[PDB]
Every structure is written in C-alpha cells, then in structure tokens.
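One structure below.
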2 protein chains.
Amino acid sequence: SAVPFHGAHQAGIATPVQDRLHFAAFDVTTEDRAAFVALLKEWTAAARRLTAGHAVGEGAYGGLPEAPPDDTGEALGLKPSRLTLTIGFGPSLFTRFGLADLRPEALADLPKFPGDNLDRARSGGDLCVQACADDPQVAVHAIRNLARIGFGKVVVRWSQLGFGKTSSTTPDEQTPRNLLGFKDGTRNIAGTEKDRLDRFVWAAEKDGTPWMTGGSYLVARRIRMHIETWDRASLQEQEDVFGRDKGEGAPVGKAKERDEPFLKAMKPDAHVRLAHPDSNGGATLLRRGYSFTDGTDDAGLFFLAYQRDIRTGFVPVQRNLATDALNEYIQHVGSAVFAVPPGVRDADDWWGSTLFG
Amino acid sequence: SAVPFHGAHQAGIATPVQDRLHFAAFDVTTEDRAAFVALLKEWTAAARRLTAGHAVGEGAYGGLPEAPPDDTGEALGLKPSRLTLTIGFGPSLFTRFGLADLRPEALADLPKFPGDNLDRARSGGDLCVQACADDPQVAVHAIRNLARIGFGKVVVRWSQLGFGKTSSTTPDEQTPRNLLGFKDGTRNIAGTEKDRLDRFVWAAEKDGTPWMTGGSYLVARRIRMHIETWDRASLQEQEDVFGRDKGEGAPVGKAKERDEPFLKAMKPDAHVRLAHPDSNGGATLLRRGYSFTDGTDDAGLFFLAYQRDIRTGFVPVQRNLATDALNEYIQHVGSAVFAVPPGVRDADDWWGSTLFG
Ligand code: HEM
Ligand code: HEM
Ligand SMILES: [Ca+2]
Ligand SMILES: [Ca+2]
C-alpha cells in the first residue's frame with residue numbers, strides 16, 4: 001500500500017498514477033534563508049512519516065496536554081494509500097535567498113496562449129507540493145499538515161482537489177476517464193520506459209543546471225470544461241474532436257484502444273492529431289492530471305505535465321493546439337510552472353538539498 | 001456493492017454512510033408543471049440505472065452518431081460503489097406549480113443564529129440531490145448527469161464535494177475523523193434502530209402533512225473551520241472543547257469511545273455536553289455530514305442533519321450551541337433546508353409522486 005519515498009528521483013512522477021490528488025501552491029513569507037532550510041528538513045521528515053502512513057512527529061495525541069499535537073489527526077485509521085509527496089520550486093522562488101543565478105534556463109515562463117483567461121490568484125506560486133493518494137483524505141491530510149508545519153514561513157496561495165485521475169503511467173492497466181467521458185492516458189509515458197523517461201522527463205547534468213539533475217519540470221494548467229455545450233454535442237462530434245471513438249477509445253480506423261493511430265485519418269483539427277509527438281518534432285510529455293469540480297459559475301481538468309525542458313515539451317505542443325477542435329469546449333483559467341528537484345537520496349537527505357547546498 | 005434504490009423511505013439517510021459526497025442544490029427555471037413532473041420521472045429512471053452502476057438511458061456510446069449520448073460516460077468502468085441518490089424540496093419550491101398549500105409546517109425556515117455569515121449564493125435552493133458513494137467520481141457523475149437531463153428546466157444553484165465522511169449510522173464500525181482530528185459520529189442514530197428512526201427521523205401522517213409520510217427533513221450547513229488557530233491550540237484545549245479525548249474519543253472520565261458520557265464531568269461549554277439529547281429536552285438528530293476543502297480564503301464540515309421536524313431537531317440543538325466553546329473555531333457560512341419525500345416504492349413510482357399526485 002506504500003510507495004518508497006527515497007530515490008534518485010522524487011516519487012509521484014513516473015510512479016503509477018494514484019486515484020486522487022490534493023495540489024497546493026505555496027508562497028514564501030520569510031526572508032530568513034536558514035529558517036527556510038530548516039523548514040525543508042522538517043517537511044522532509046514529515047513526508048517520510050506521511051508516505052509510510054504514520055502520523056507526523058510523535059503523533060496526533062498522547063503528548064503533553066499543554067502542547068499542540070504534532071499531527072492534526074484526520075488520517076488516523078487510514079492506510080498509506082500509495083501516498084506520494086512531490087515538491088517543486090516556482091520561478092518566483094529564485095528572487096529570494098540569493099538564488100537568482102540558480103534559476104534553470106529550462107524553467108521558462110510560459111508565453112501567452114490564445115484563449116487564455118488566467119486567474120492570477122490561482123496561478124503561480126513560489127513552490128508546490130503534489131499529494132497523490134488513492135484516498136483523498138490521506139492526500140488532504142498531508143497537505144494540511146505540511147501547511148501547519150510551515151506556518152509563519154509559507155502560506156497556501158492556491159490549492160486544488162482532484163477527485164479522479166485522468167492520466168496513466170501504467171499502459172497495461174485500465175485507462176481512466178475524464179469528465180468528457182473519454183479514456184485519457186492511453187499514449188503517455190510508462191513508469192517502466194526508462195529510456196523514454198531519460199529522454200523526455202528527467203533533466204540531465206549536461207542540460208545546463210547541475211542541481212536539477214534527476215529532477216523534472218512541471219506545468220500545471222487549470223482547464224475548465226464547457227460541460228453544458230459538450231453534453232449537447234453529438235457522439236460523432238465528440239469523437240471527431242479527439243480522433244478516437246468514445247467507448248473503445250480506438251483511433252479512427254482501428255479496432256482497439258492501444259492500436260497505434262494513423263494520424264492523417266483524423267480530422268486536421270483533432271486533438272490527438274495535433275498533440276501527437278509526430279506532429280510536434282518528436283516532442284513528448286508525461287501527463288499526470290486529475291479531474292476537478294469546484295461548485296458553480298465549474299468543472300474540468302487540472303492538467304499536469306512533466307518534461308525535461310518546458311521549451312521542448314509543453315510549449316510547442318500547446319502552441320500546436322491553437323487550432324484544436326477541443327478549444328470550443330475548454331478554457332485555460334490557471335497556470336503555474338515549477339522546477340521539481342531530484343529525489344531524497346536517503347534518511348539524512350532533504351527536499352531542495354541540491355539547490356540550497 | 002449496490003444499495004437498493006426502492007423502499008418505503010429514500011436510501012441515503014438510514015443507509016450506512018458512504019465515504020464520499022457530491023451534494024447539489026438546484027433552482028427550477030421552468031413554470032410548466034407538467035414538464036417538471038416529466039423531469040422527475042426521467043430523473044427517477046436515471047437514478048435506478050445510476051445506483052445499479054449502469055449508464056443512463058441506452059448508455060454512453062453506441063447510439064446514433066448524430067445524437068448526444070444518453071450518459072456522459074465518466075463512470076464507465078467504475079462500480080456501483082454503494083451510490084445513493086436522495087432528493088429533497090426546499091421551501092422556495094412551494095411558490096411554484098400551485099404547491100403553496102402543500103408546504104409542510106415542519107419545513108420551517110431557520111432562525112438567524114449568532115455568528116452566522118451566510119453566503120446567499122451558496123444557500124437555499126428549490127431542491128437538492130444528495131449523491132453519496134465510496135468513489136467520488138461515481139457521485140459526481142450522478143449529479144452531472146441529472147443536471148444534464150434537467151437542462152432548460154433546472155440549474156445548479158450551488159454544489160459541494162465532500163471528500164470524506166464525518167458521520168456514522170453504523171456504530172459498531174470504525175467511526176471516521178473530521179478535519180479537527182476527532183472521531184465524529186459516535187453517538188448518532190443507527191440504521192438498525194427502527195424505533196429511534198420512527199421517533200426522531202421519519203415524518204408520520206399524524207404530524208400534519210400526509211404526502212411527507214415516510215419522508216424526513218434535512219438541514220444543510222456549510223461550516224468553515226478556523227484551521228490555523230485550531231492547529232495552535234493545545235491538545236488539552238482541543239479535548240476540553242468537545243468533552244471527549246482525541247485518540248480514543250472517550251468522554252471525560254471514561255475509558256472507551258462508546259462508553260456513555262457523564263455530561264457534568266465535561267466543561268459547561270463543551271460541545272457534547274451542549275448537544276446531547278439530555279441537554280435539549282430529548283431532541284436527537286441523524287447527522288450525516290462530510291468534510292470539505294475549497295481552495296483558499298477554506299475548509300471545514302458540510303454538516304447534514306435529518307429529523308422528523310426541524311423545529312424539534314436542529315433548531316433547539318443549534319440554539320443550545322450558542323455558548324459552545326467550538327464556536328471559537330468554526331463559522332456557519334451556508335445554509336439550506338429541504339423536505340425529503342418518502343421513497344420510490346417500485347419500478348413505476350417516481351420522485352415527488354406523493355407531492356405532485
Ligand atoms: C481538458 C483538456 C484536455 C482533455 C479533455 C484531453 C483529453 C485527451 C484525450 C482523450 C486523449 C487521447 C487518449 C490519450 O492518448 O491520452 C489525449 C491525448 C493527448 N493529449 Fe490531451 N487533453 C486535454 C488537454 C491537453 C493539453 C493542454 C495538452 C498539452 C499541451 C495535451 C496533450 C496531449 C498529448 C501529448 C496526448 C497523446 C497524443 C498521442 O501521442 O497520441 N492534452 N488528451
Ligand atoms: C464543524 C462543526 C462540528 C464539528 C467539528 C462537530 C464535531 C462533533 C464531535 C467530535 C462529536 C462527538 C462524537 C459524536 O458523538 O459524534 C459531536 C457530537 C455531536 N454533535 Fe457535533 N460537530 C459540529 C457541529 C454540530 C452541529 C452544528 C450540531 C447541531 C446543530 C451538532 C450536533 C451534535 C450532536 C447531537 C452530537 C452527539 C451528542 C451526544 O448525543 O453525545 N454538531 N460533534
Ligand atoms: Ca469539424
Ligand atoms: Ca474553557
């Protein structure tokens with residue numbers, strides 16, 4: 001039930017995609033670099049307990065009566081639930097703590113895209129923590145407790161619950177469905193495809209930023225779906241939009257979900273035809289997003305993409321989506337990029353240790 | 001994996017509490033009574049399929065290419081997941097369709113309570129559907145599809161995802177924890193306590209409103225928790241607030257969660273001491289709430305209470321909570337009441353049939 005926390009890479013990327021998400025972007029509120037480093041170490045200690053299904057610190061109760069408990073207690077009695085906790089550093093972090101010269105070139109600000117309506121209050125962030133688990137209360141508890149530990153040093157800028165995955169790093173397993181009712185994750189990158197991960201996802205030292213070796217770069221997009229209009233489109237219109245049929249999820253002219261697509265059989269504005277690596281000079285992403293619902297005017301896809309360089313991953317693919325037929329039914333309304341550092345190597349290592357030293 | 005949809009009562013009340021919730025309040029946008037009745041019948045048909053784990057209508061695909069699919073498809077491949085769908089009618093519904101004289105006296109508007117800060121846009125509603133399931137995507141899919149079918153006749157006014165239950169109708173089973181880290185649901189009403197249900201939850205014909213016989217009355221409160229301040233309170237302060245210890249959940253002076261409380265051993269402003277039936281002339285509720293998180297300024301408890309009469313259930317208990325020590329750490333920010341009709345008796349019956357005729 002538990003995913004190993006330590007490794008050369010952070011878990012929660014190549015890892016099998018868990019059912020639920022709680023994602024939080026944080027802003028830094030302290031200018032004390034030593035104190036922020038202390039926080040990262042204590043966060044890392046908490047993450048080891050959390051991902052093993054243990055309460056933070058000395059637990060949720062049984063401590064001194066006059067002291068606040070170490071763990072807030074809402075995960076008591078639940079399982080590890082394949083919890084992973086993945087940290088990332090936004091561009092804005094590098095204006096602090098004398099970090100300016102360490103900002104990676106691969107951590108490029110995104111260009112404006114046609115159709116954007118980005119809510120600034122739900123965009124950006126000095127850092128992020130991605131909490132993925134099969135039990136949403138386990139994920140929320142992890143974020144909440146990290147936020148508690150960080151009180152006075154960081155604040156939650158924005159946060160997003162994903163009630164169900166729309167992604168896959170395990171192609172042999174059942175591909176999940178997004179809120180448009182289509183299988184989502186058929187052609188991605190598998191946790192077992194080490195060469196493809198090395199090529200498309202993990203930063204290498206020779207790329208230009210040594211502290212980011214073994215790390216990756218994350219693009220988050222909050223994408224609202226126009227559900228009411230989509231639901232009144234014909235089945236054929238829906239299928240034409242993607243280039244795959246709805247039930248089986250097979251490409252046009254093929255019999256099975258996993259049959260390779262023949263792209264020119266799709267509409268010239270079909271999503272898959274436009275997003276496929278062949279249409280983008282070989283550019284390839286590890287998508288790891290989740291569906292959301294957030295009351296009313298309000299639901300969609302909290303899109304997440306990992307790549308070795310934002311400039312050669314998300315940016316050219318999204319640009320090619322300018323004529324996507326899907327555009328009629330979606331709108332990007334939030335955005336953030338993060339440099340996701342390499343893994344916590346052992347019990348003495350700590351999140352951000354390669355960046356801070 | 002499936003809960004029976006038909007019965008003398010609607011499921012989703014006395015039923016074992018499922019892990020997740022999607023709750024939606026709807027406003028009626030049509031003045032055509034016959035068309036609204038037609039909608040209720042089609043909603044009921046959908047509910048039978050949904051609760052059995054089947055797609056609505058003729059399914060999510062395989063229909064005529066030029067027609068919108070009958071089911072939006074996002075629950076394909078998932079299980080019934082103990083889905084229940086419970087409908088209720090708000091006070092405002094009775095201003096329509098010539099229903100004025102049928103509004104139950106037990107459907108009383110709530111008085112103002114000290115500390116209220118009710119968001120009107122997230123309060124009220126002509127009707128509600130409570131979708132409870134162990135899989136949140138199953139619940140969301142049910143609500144979404146009901147909303148789709150109702151297009152042009154109803155609109156979603158507000159909706160609320162509950163990521164984890166904070167209630168219990170099964171006392172022998174593990175009591176879940178709320179976001180304050182306490183067990184929540186220890187002393188409630190069990191699905192097997194038929195006499196207590198008859199006394200405290202189900203409306204009887206002699207109560208004054210014949211069409212509501214076998215129905216119940218629902219109070220919804222969206223209650224924000226002041227997490228940041230709570231998390232800096234001592235363990236003892238937290239325990240004093242409730243009158244039970246945090247780990248075991250035992251009343252003051254007792255050894256086990258389910259030991260009966262001795263109320264006068266608790267602080268005079270302790271939550272349990274103030275809410276207990278003995279302190280309220282015997283008034284007793286069936287609580288069935290869920291935790292929520294909704295980004296930032298934002299988390300708490302989406303409180304749900306069922307009772308035979310709002311005036312003898314929620315109202316006097318909440319009034320007695322005026323001096324609750326818990327008040328320092330919570331605020332009611334949304335509210336609605338609904339008359340929840342009796343059950344769908346058989347395959348030919350329909351939601352609201354006793355009210356509309
Ligand atoms: C709400 C928005 C979106 C929805 C509903 C959606 C849905 C889908 C679906 C159903 C597929 C086909 C199944 C699969 O192979 O995964 C797909 C494929 C894909 N999408 Fe999206 N997508 C969305 C946004 C995006 C965005 C913003 C990007 C990148 C900027 C993107 C990049 C891709 C890529 C690279 C593939 C695989 C194409 C291939 O190699 O065959 N998608 N998407
Ligand atoms: C965020 C708000 C609230 C929280 C965190 C909370 C939490 C709790 C907890 C931990 C218990 C003890 C365990 C149990 O027996 O269930 C309890 C009991 C109870 N609560 Fe609340 N509660 C809240 C709001 C309310 C409200 C608004 C009402 C009614 C107006 C209410 C009525 C009751 C009742 C009737 C009991 C059982 C008392 C007994 O018979 O022993 N609660 N609550
Ligand atoms: Ca077209
Ligand atoms: Ca006191």
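Naming: A, B, ... by sequence-line order, numbering from 1 per chain. What's counted below: heavy atoms across the whole structure, side chains too, no hydrogens, waters or symmetry copies.
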Inter- and intrachain pairs under salt bridge (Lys or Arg N to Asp or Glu O under 4.0 Å), touching residues 41-53 of chain B, at least two apart: none
Please work out which of the three classes, parallel, tilted or perpendicular, describes the rings of B/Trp230 and B/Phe242, given edges at 30° and 60°. perpendicular
Chi angles and distances behind the side chain to side chain contact (heavy atoms under 4.5 Å, CB included) call for B/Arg148, B/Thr72: CA-CA 9 Å; B/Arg148 187 204 74 121; B/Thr72 55; 3.8 Å; yes
With the side chain counted from C-beta on, respond yes when B/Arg244 and B/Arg187 share a heavy-atom pair under 4.5 Å apart, and no when they do not. yes
Is the A/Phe163 to A/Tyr290 ring centre distance short of 6.0 Å? no
Are the side chain of B/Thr15 and the backbone of B/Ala11 linked by a donor-acceptor contact shorter than 3.5 Å? no
Grab the two heavy atoms, one from B/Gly334 and one from B/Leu118, that are nearest each other, plus how far apart they are. N-CD2, 3.5 Å
Using only heavy-atom distances, determine whether the side chains of A/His141 and A/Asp71 contain a donor-acceptor pair under 3.5 Å. yes
Say whether B/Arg288 and B/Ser167, considering side chains only, have a donor N or O and an acceptor N or O under 3.5 Å apart. no
Would you say that B/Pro104 contacts B/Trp211 through its side chain, given a criterion of any heavy-atom pair below 4.5 Å between the two side chains? yes
Check: B/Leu285 and B/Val219 side chains under 4.5 Å, non-hydrogen atoms: no
Give, for atom CZ of B/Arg287 and atom CG of B/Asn188, the distance between the pair rounded to the nearest 0.5 Å. 4.5 Å
Among pairs that include at least one residue of residues 136-145 of chain B, which meet salt bridge (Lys or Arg N to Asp or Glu O under 4.0 Å), considering only residues two or more places apart or in two chains? A/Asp231-B/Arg144, B/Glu74-B/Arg144
Of the non-hydrogen atoms in B/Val340 and B/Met212, which two are nearest, and what is the gap between them? O-CE, 3.5 Å
Minimum heavy-atom distance A/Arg157-B/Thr296, with the two atoms named: O-OG1, 3.4 Å
Take B/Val344 and B/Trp350, measure what side chain to side chain contact (heavy atoms under 4.5 Å, CB included) needs, and give me the verdict at the end. CA-CA 6 Å; B/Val344 188; B/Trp350 44 283; 5.9 Å; no
Suppose we screen for side chain to side chain donor-acceptor pair (under 3.5 Å). Which residues come up paired with B/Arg122, at least two apart in sequence or across chains? B/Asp294
Give a yes or no on this: more than 12 heavy atoms of other residues, nucleotides or ligands lie within 6.0 Å of atom CZ of B/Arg96. yes
Contacts of B/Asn178 that satisfy side chain to side chain donor-acceptor pair (under 3.5 Å) - sequence neighbours left out: B/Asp184
Pairs touching residues 298-309 of chain B that satisfy side-chain hydrogen bond (donor to acceptor under 3.5 Å, both in side chains), sequence neighbours left out: B/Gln130-B/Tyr306, B/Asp207-B/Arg308, B/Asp309-B/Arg311
Are the side chains of B/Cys132 and B/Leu83 in contact, using a 4.5 Å heavy-atom criterion? no
Quiz question: by atom type and distance under 3.5 Å, do the side chains of B/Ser81 and B/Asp134 form a donor-acceptor pair? no
Result for side-chain contact (heavy atoms from CB on, under 4.5 Å) between B/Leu50 and one of B/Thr84, B/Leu85, B/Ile143 points to B/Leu85
Compare all side-chain heavy atoms of B/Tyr217 with those of B/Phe338 and state whether any distance is below 4.5 angstrom. no
Set out, in order, the CA-CA distance, both residues' side-chain angles and the distance that settles salt bridge (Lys or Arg N to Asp or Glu O under 4.0 Å) for B/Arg221 and B/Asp116, then state yes or no. CA-CA 10 Å; B/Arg221 305 281 285 196; B/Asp116 277 351; 2.8 Å; yes
Check the side chains of B/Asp324 and B/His271 for a donor-acceptor pair under 3.5 angstrom, ignoring hydrogens and angles. yes
Evaluate the side chain to side chain contact (heavy atoms under 4.5 Å, CB included) criterion for residues B/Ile330 and B/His226: first the C-alpha distance (whole Å), next the side-chain angles of each, then the deciding distance (0.1 Å), finally the verdict. CA-CA 6 Å; B/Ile330 66 164; B/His226 303 140; 5.9 Å; no
Tell me if a side-chain donor or acceptor on A/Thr166 pairs with a main-chain N or O of A/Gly289 at a distance below 3.5 Å. yes
Shortest non-hydrogen contact from B/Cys128 to B/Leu218? SG-CD2, 4.3 Å
Option among B/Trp43, B/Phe89, B/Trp158 that satisfies the ring-ring contact (aromatic ring centres under 6.0 Å, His included) test with B/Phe26: B/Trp43
With salt bridge (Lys or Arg N to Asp or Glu O under 4.0 Å) as the criterion, how do B/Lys153 and B/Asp27 come out once you've worked through the C-alpha distance, each side chain's angles and the decisive distance to 0.1 Å? CA-CA 9 Å; B/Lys153 296 184 189 63; B/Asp27 283 335; over 6 Å; no
Note: B/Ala52 and B/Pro80 closest approach over all heavy atoms is O-CG, 3.7 Å
I want to check something: taking the side chain as every heavy atom from C-beta on, are A/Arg222 and A/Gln160 in contact at a cut-off of under 4.5 Å? yes
Check: B/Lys246/B/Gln238 side-chain N/O donor and acceptor closer than 3.5 Å: yes
If you define the side chain from C-beta out and look only at heavy atoms, does anything of A/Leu21 sit under 4.5 Å from A/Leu161? no
Going through the checks in order, is the salt bridge (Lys or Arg N to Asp or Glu O under 4.0 Å) test met by B/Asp135 and B/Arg82? CA-CA 9 Å; B/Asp135 183 325; B/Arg82 297 191 301 159; over 6 Å; no
Which atom pairs, one a donor and one an acceptor, fall under 3.5 Å between side chains of residues 314-321 of chain B and the rest of the protein, sequence neighbours left out?
| residue | atom | partner | partner atom | Å |
| --- | --- | --- | --- | --- |
| B/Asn320 | ND2 | B/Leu274 | O | 2.8 |

Does the side chain of B/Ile223 reach to within under 4.5 Å of the side chain of B/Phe302, using non-hydrogen atoms? no
How far apart are the closest heavy atoms of B/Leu76 and B/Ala60, and which atoms are they? CD1-CB, 3.7 Å
